[PDB]
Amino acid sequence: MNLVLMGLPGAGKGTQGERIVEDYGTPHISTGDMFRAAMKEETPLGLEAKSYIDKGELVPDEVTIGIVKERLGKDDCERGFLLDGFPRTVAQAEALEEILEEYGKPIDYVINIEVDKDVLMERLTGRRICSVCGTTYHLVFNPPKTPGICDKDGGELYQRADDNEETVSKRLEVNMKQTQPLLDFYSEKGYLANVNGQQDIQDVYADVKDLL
């Protein structure tokens, strides 16, 4: 399966993406994760992206498309992929169509995890991420079994730098503006499927599993 996840900041892409990869083993490709790994490693690209990321702005298309094209050519994607948070502009989506023609792997589904804008700030400010594997928890909605550490590997959980009220507020503004153009682009292609992202995690995943 060649899958794309989309959704507003905090809508549950990672949470659902993780269950999809567990069940089907498709490599989980998150542009956010990739940029954060570059920033952790202090690579030139990391340092370039950081300026945009710290603001809640989109990293420019050209560099973003370039890291996805390079990633999608790697040998681990031949048995399929799960793309997460790319594309998030029509121009990214067009370039993806071209990239996927080129790698002989057309999109099976675009899954939009639809969540109400007003509930996203509380999802993000309460989010805690594992410093080792990057799985997400929430202090209320999805707590770890042991406070402060990952269930899977005991890594310390932390608050992402961009999960502050100020930066979230910009991330929502920025991505909301791109949302309908992107949903139009993909409903027009016939790949789009919508899921109600405002249910218990397992119930959102039940609905995802049905689509696949």
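Residue positions are given as counts along the sequence shown, with the first one as 1.
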query	finding
Of 192-200 and 19-27, the one with larger mean CA B-factor	19-27
Of 139-147 and 32-40, the stretch whose C-alpha atoms average the higher B-factor in the entry	139-147
Among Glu114, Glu122, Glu78, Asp84 - the residue whose C-alpha B-factor is largest in the record	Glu78
Residue, from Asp163, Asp54, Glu156, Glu70, that the PDB entry assigns the highest Cα B-factor	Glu70
Ranked against its chain, the third holding the CA B-factor of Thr64	lowest
CA B-factor placement of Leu3, once the chain's modelled residues are sorted into thirds	middle
Entry-reported Cα temperature factor of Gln178, expressed as the chain third it lands in	middle
Ranked C-alpha temperature factor of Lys152 among modelled chain residues, by third	highest
Where the record places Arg88 (Cα B-factor, split into thirds across the chain)	middle
